[PDB]
Each structure stands twice: as C-alpha cells, then as structure tokens.
Amino acid sequence: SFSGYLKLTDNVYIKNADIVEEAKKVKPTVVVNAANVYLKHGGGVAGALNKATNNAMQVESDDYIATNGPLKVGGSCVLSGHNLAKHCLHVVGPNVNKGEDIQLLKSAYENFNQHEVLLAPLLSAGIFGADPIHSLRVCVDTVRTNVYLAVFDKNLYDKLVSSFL
C-alpha cells in the first residue's frame with residue numbers, strides 16, 4: 001500500500017512525491033487527474049499522467065468527450081487508470097488563470113468522496129493558479145474518504161506541512 005506519507009488528519013495523508021512515480025509504484029485503485037473540462041491533458045499533472053500512459057489516456061479521453069461532451073468545472077468522470085492505476089478519476093478544479101469560481105474547488109473535492117481511497121494531487125494547484133495552502137484546507141474540510149496527496153514540489157510540500165493547522 002502507500003508508504004512514507006505524513007498523516008494530516010484521520011483521512012488525509014501527504015507526501016513529497018511525483019504522482020506518476022507514486023502511481024506506478026503503488027498501482028492504486030484510483031489515481032486522480034487534475035483535468036480540464038475538455039480532458040486535454042497537455043501540461044501539469046494531466047500532461048505528466050498522460051505521457052506516462054504513452055498517450056492512451058488522451059485517446060480514451062477524446063473518445064469520452066466525443067460521446068459525452070465536456071465535463072463541468074467541479075465535475076469528474078471515471079476512466080481507465082491504464083498502467084498507473086485501476087481507474088483514473090478525472091476531476092476538474094477551477095482554473096483561477098481562466099477566472100473560474102474558486103468556490104467550485106469544494107465541489108471538485110466532493111468527487112473524491114465516491115471512492116474509498118485515492119492517490120491525488122492538490123486540486124487547482126500548480127498551473128491551475130489557486131493557492132495550494134487553500135486547496136489543502138478545502139481538501140481536509142471536504143474529503144471524508146482516504147486521500148493520499150502527492151505534492152511534487154519539495155519547497156511547497158514543506159510549506160504545506162509547516163503551515164497546516
């Protein structure tokens with residue numbers, strides 16, 4: 001199972017790790033992708049997860065969008081986890097760099113409650129432009145299932161732990 005995590009709460013754990021490397025090692029039931037509404041996995045966590053699947057995630061995602069249309073900001077869909085996990089839960093947090101309502105971050109984290117355990121990044125952090133400290137706070141106050149957070153950046157990981165209330 002998951003190793004080397006710092007326990008933040010009853011159900012939230014955190015580790016300074018590359019979520020792709022973590023997924024390949026653990027092969028969890030669910031890996032969360034920091035998706036956009038189009039499932040265009042170009043950069044950030046999505047680009048990295050998709051590259052690890054040799055673009056199979058993007059091919060599957062394009063078929064999903066062709067059939068269903070875009071996701072909602074705050075929404076999700078369950079697709080294959082390919083070589084990384086059993087399933088990938090593609091969750092769309094608000095992209096502050098596109099003026100999306102930060103209040104939608106709680107709705108985005110609510111998707112995690114449909115899965116007993118998940119490996120995940122901090123939603124709306126990184127290239128999505130939100131404050132990762134705020135994202136961690138919303139995560140802790142919203143997710144009730146077991147969430148193992150992988151934070152790529154060591155400096156941010158240290159800041160998140162040292163400022164955690």
# chains A, B, ... in the order shown; residues from 1 in each chain; ligands from 1
$ residues_around --residues "residue 13 (chain A)" --least-positions-apart "2" --cutoff "9 Å" --atoms "only C-alpha atoms" --output "compact mmCIF listing (two decimals) with N, CA, C and O atoms, in the first residue's frame"
# COMPACT_ATOMS: atom_id res chain seq x y z
N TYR A 5 4.02 8.54 3.88
CA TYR A 5 3.13 9.67 3.98
C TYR A 5 3.09 10.23 5.39
O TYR A 5 3.11 9.49 6.37
N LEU A 6 2.94 11.54 5.47
CA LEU A 6 2.70 12.24 6.73
C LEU A 6 1.17 12.29 6.89
O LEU A 6 0.44 12.64 5.95
N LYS A 7 0.68 11.91 8.08
CA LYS A 7 -0.74 11.92 8.35
C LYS A 7 -1.12 13.34 8.74
O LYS A 7 -0.54 13.87 9.67
N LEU A 8 -2.07 13.98 8.04
CA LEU A 8 -2.51 15.32 8.40
C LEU A 8 -3.76 15.24 9.27
O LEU A 8 -3.88 16.00 10.23
N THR A 9 -4.71 14.38 8.90
CA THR A 9 -5.96 14.20 9.63
C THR A 9 -6.27 12.69 9.68
O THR A 9 -5.48 11.86 9.22
N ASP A 10 -7.49 12.35 10.19
CA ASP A 10 -7.97 11.00 10.23
C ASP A 10 -7.90 10.34 8.84
O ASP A 10 -7.55 9.16 8.75
N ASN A 11 -8.14 11.13 7.78
CA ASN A 11 -8.26 10.55 6.43
C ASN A 11 -7.41 11.18 5.36
O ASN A 11 -7.46 10.74 4.23
N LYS A 15 2.57 13.48 0.91
CA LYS A 15 3.94 13.05 0.63
C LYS A 15 4.52 13.92 -0.46
O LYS A 15 3.80 14.37 -1.36
N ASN A 146 -10.30 8.19 2.21
CA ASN A 146 -8.85 8.22 2.43
C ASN A 146 -8.12 8.76 1.24
O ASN A 146 -8.10 8.14 0.17
N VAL A 147 -7.53 9.95 1.39
CA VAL A 147 -6.84 10.59 0.27
C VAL A 147 -5.35 10.78 0.57
O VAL A 147 -4.99 11.35 1.60
N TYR A 148 -4.52 10.24 -0.33
CA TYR A 148 -3.07 10.27 -0.27
C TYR A 148 -2.64 11.30 -1.28
O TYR A 148 -2.72 11.07 -2.50
N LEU A 149 -2.22 12.45 -0.80
CA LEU A 149 -1.83 13.57 -1.62
C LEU A 149 -0.37 13.51 -1.97
O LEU A 149 0.49 13.41 -1.09
N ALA A 150 -0.06 13.62 -3.26
CA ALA A 150 1.31 13.68 -3.74
C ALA A 150 1.58 15.12 -4.17
O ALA A 150 0.88 15.67 -5.03
$ select_by_dssp --residues "region 15-165 of chain A" --states "helix (DSSP H, G or I)" --output "PyMOL selection string"
chain A and resi 19-26+44-52+56-68+96-98+104-114+126-128+132-142+154-163
$ residues_around --residues "residue 86 (chain A)" --least-positions-apart "6" --cutoff "9 Å" --atoms "only C-alpha atoms" --output "number ranges by chain"
A: 27-31, 80
$ closest_residue --among "A:69, A:42, A:101, A:85" --to "residue 20 (chain A)" --atoms "only C-alpha atoms"
A:85
$ residues_around --residues "residue 68 (chain A)" --least-positions-apart "5" --cutoff "12 Å" --atoms "only C-alpha atoms" --output "list in words"
residues 37, 38, 39, 61, 62, 63 and 77 of chain A
